[PDB]
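So for the sequence shown, the deposited numbering puts the first residue at 1856; every next one is plus one. Encoded as structure tokens, the structure appears first; notes follow it.
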Amino acid sequence: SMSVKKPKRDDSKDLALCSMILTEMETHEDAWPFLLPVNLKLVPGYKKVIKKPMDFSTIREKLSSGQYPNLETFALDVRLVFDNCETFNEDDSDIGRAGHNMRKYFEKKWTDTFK
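The following block contains the structure:
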């Protein structure tokens, strides 16, 4: 509350560390469904169904331009990429499997870097 604070966590490396995680996600072999924004002209139903599209290139641009106020807002966009994927793709499809794999990969790196 006012004039009552928990000890200050060192957040000075968060930006660099999220960048590193994001590089690791970008270079994973199962990243291909997520690298670029879904083409809303060419994929029927996507525009109407997925209210907030998200992809790795859009996260990279937000990250590089100071549009994440803290590491939680960064994690929320990464998870949105996988939540979108589950909304639109059967579990038993190449893309549906890619999303589960990437979500796992991310959640481990997240825990190991920050928890």
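Every residue gets a Cβ at the ideal spot worked out from N, C-alpha and C, and that includes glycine.
Beta-carbon separation (whole angstroms), residue i vs residue j, contact threshold 8 Å
{"i": "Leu1877", "j": "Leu1918", "result": "7 Å"}
{"i": "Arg1958", "j": "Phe1937", "result": "4 Å"}
{"i": "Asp1885", "j": "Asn1956", "result": "5 Å"}
Under 8 Å between C-beta atoms of residue i and residue j
{"i": "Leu1935", "j": "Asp1869", "result": "no"}
{"i": "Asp1910", "j": "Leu1891", "result": "yes"}
{"i": "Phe1969", "j": "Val1933", "result": "no"}
Residue environment, residue i, which counts as buried when at least 16 other CB atoms sit within 10 Å
{"i": "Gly1954", "result": "buried"}
{"i": "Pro1899", "result": "exposed"}
{"i": "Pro1888", "result": "buried"}
Cutoff 7 Å; reference residue i; Cβ partners in own chain excluding five residues on either side
{"i": "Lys1907", "result": "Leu1935"}
Sequence-distant residues of its chain with Cβ nearer than 6 Å to residue i (five each side left out)
{"i": "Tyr1901", "result": "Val1893, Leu1895"}
Residue i: CB within 7 Å of a non-hydrogen atom of the ligand ZN
{"i": "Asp1932", "result": "Among the components modelled here there is no ligand, and therefore nothing to report on the ligand ZN."}
Legend entry - the region 1867–1881 / the region 1940–1948 touching (three or more Cβ pairs under 8 Å): no
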